[PDB]
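>
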Amino acid sequence: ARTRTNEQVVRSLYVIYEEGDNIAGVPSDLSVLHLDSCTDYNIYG
Amino acid sequence: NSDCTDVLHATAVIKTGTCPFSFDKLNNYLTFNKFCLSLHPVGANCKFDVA
Numbered sequence: 648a649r650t651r652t653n654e655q656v657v658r659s660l661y662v663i664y665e666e667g668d669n670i671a672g673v674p675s676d683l684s685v686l687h688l689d690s691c692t693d694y695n696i697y698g
Numbered sequence: 597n598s599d600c601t602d603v604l605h606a607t608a609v610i611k612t613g614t615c616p617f618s619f620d621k622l623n624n625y626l627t628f629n630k631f632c633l634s635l636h637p638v639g640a641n642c643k644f645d646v647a
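In order, the protein sequences belong to chains B and A.
Numbering-wise, the first sequence is residues 648 to 676, 683 to 698 according to the entry's author numbering.
Position in the second sequence (first residue = 1) + 596 = the entry's author numbering.
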């Protein structure tokens with residue numbers, strides 16, 4: 648919980664994950686490539 | 597319901613556990629911006645062991 652002056656931990660959320668490539672998190676609801690210029694890239698991880 | 601016998605007599609000791617200081621050393625001019633003790637594990641930075 649974030650107030651005007653403090654942050655206080657109240658609960659815990661547990662995660663179970665397996666590394667791979669089947670599921671991908673995305674900004675919202683891909684194969685866009687900019688060529689011949691400086692770019693920030695994510696290519697197959 | 598009964599008091600502790602000679603064989604069963606025990607004393608309570610607070611051991612360091614995972615904390616970066618000892619309980620008996622708190623009275624040795626240690627300085628904090630916040631120090632606060634709890635019986636619940638949520639949000640805790642470390643813990644002592646009661647034995």
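C-beta: ideal position from N, C-alpha, C; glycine also.
If you draw a straight line from the C-alpha of residue 604(A) to the C-alpha of residue 667(B), how long is it?
Against the second sequence, residue 604(A) aligns to sequence position 8. Against the first sequence, residue 667(B) aligns to sequence position 20. Near 56 angstroms, if we compare the C-alpha coordinates of residue 667(B) and residue 604(A).
> Taking C-beta to C-beta, are residue 657(B) and residue 638(A) nearer than 9 angstroms?
As a first step, residue 657(B) is located in the first sequence; it is residue number 10 there, counting from the start. As a first step, residue 638(A) is located in the second sequence; it is residue number 42 there, counting from the start. A contact, by the Cβ cut-off of 9 angstroms.
> To the nearest angstrom, how far is the alpha carbon of residue 642(A) from that of residue 626(A)?
In the second sequence, residue 642(A) corresponds to position 46, counting from 1. In the second sequence, residue 626(A) corresponds to position 30, counting from 1. If you take the alpha carbons of residue 642(A) and residue 626(A), they lie about 16 angstroms apart.
> Using a Cβ-Cβ cut-off of less than 9 angstroms, give me the residues of the region 657 to 669 of chain B that come near chain A, in sequence order.
From the region 657 to 669 of chain B, only 657, 658, 659 have a Cβ closer than 9 angstroms to chain A.
> Quick test of your reading: residue 606(A) and residue 600(A), contact by CB under 8 angstroms. State the CB separation rounded to the nearest angstrom.
Counted from its first residue, the second sequence places residue 606(A) at position 10. Counted from its first residue, the second sequence places residue 600(A) at position 4. With 8 angstroms as the limit, residue 606(A) and residue 600(A) qualify as a contact, their Cβ atoms being about 7 angstroms apart.
> Distance check for residue 655(B) and residue 671(B), CA to CA, integer angstroms please.
Indexing the first sequence from 1 puts residue 671(B) at position 24. Indexing the first sequence from 1 puts residue 655(B) at position 8. The straight-line gap from Cα to Cα measures roughly 31 angstroms.
> CA-CA distance, residue 665(B) and residue 698(B)?
The residue labelled residue 665(B) in the question sits at position 18 within the first sequence. The residue labelled residue 698(B) in the question sits at position 45 within the first sequence. If you take the alpha carbons of residue 665(B) and residue 698(B), they lie about 15 angstroms apart.
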